[PDB]
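One structure is given below, encoded as structure tokens.
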Ligand SMILES: Nc1ncnc2[nH]c3cc(F)ccc3c12
């Protein structure tokens, strides 16, 4: 048993809810919150900008030190950093950004990072401002992640659309 509440069960291991991941993180304080990162860990907008804002920019300060030491991530890759005031850990995962011209096949590789963690609170990778089809992102998630994932969908109208179209 875990502390996630009000989720719609999609499969054995995938759950979904219409919620802001920042508000869910603050309430649950999960072991792992996933950030929809870019390779530079520059948290300007979307999930990244909102989580970073909720950490009072501490996420960005930590991220800049990580990049100065290690260089950029790969598209499809990830790193584990602090969850600050939101979670124990933040798993920064880079899905492909369609609005930059990256290969959507890399979305499966991005979701594979979730399998290194038994339970995660996570967003739909590559959706929203990343430019991919969210119905597709949900399908790849269900077909790739084997650990227990609690998906927070921010957009109310998109949430209704994802549930009603789910196979
Ligand atoms: N794309 C998302 N998925 C789940 N939760 C979210 N909270 C947000 C807050 C923002 F300002 C922007 C995007 C999200 C978001």
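FYI the Cβ positions are ideal-geometry reconstructions off the backbone, even for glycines, and counts take in every protein chain you see. Laboratory data are not the source of any read-out in this text; all were calculated from the coordinates shown.
Here are the numbers for this structure:
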| read-out | value |
| --- | --- |
| Options 9, 29, 17; residue that is within 15 Å of the ligand (Cβ to nearest atom) and more than 13 Å from the chain's Cα centre (by Cα) | 17 |
| Region 37-58, subset within 19 Å of residue 80 (Cβ to Cβ) and in contact with a strand residue (DSSP E or B) (Cβ under 7 Å, 6 or more places away or on another chain), residue nearest to the ligand (Cβ to nearest atom) | 47 |
| Of all residues making up region 138-156, the number that are more than 14 Å from residue 114 (Cα to Cα) and either within 13 Å of the ligand (Cβ to nearest atom) or touching a strand residue (DSSP E or B) at 6+ places or on another chain (Cβ under 9 Å) (or both) | 5 |
| Residue check, residue 111 in contact (Cβ under 8 Å) with a residue 40 or more places away in the chain and surrounded by 16 or more Cβ atoms within 10 Å (Cβ to Cβ) | no |
| Selection status of residue 96, touching a helix residue (DSSP H, G or I) at 6+ places or on another chain (Cβ under 6 Å) and under 26 Å from residue 156 (Cα atoms) | yes |
| Helices (runs of 4 or more DSSP H) fully within region 1-101 counting 3 or more residues that are surrounded by fewer than 15 Cβ atoms within 10 Å (Cβ to Cβ) | 21-28, 58-70 |
| Test: residue in region 115-132 that is under 13 Å from residue 34 (Cα atoms), in a helix (DSSP H, G or I), in contact with a helix residue (DSSP H, G or I) (Cβ under 8 Å, 6 or more places away or on another chain) and within 16 Å of the ligand (Cβ to nearest atom) | no |
| Pair list, Cβ < 6 Å and 6+ apart or interchain, from region 2-22 residues that are closer than 22 Å to residue 139 by Cβ to residues that are within 10 Å of the ligand (Cβ to nearest atom) and in a loop (DSSP other than H, G, I, E, B) | 21/123 |
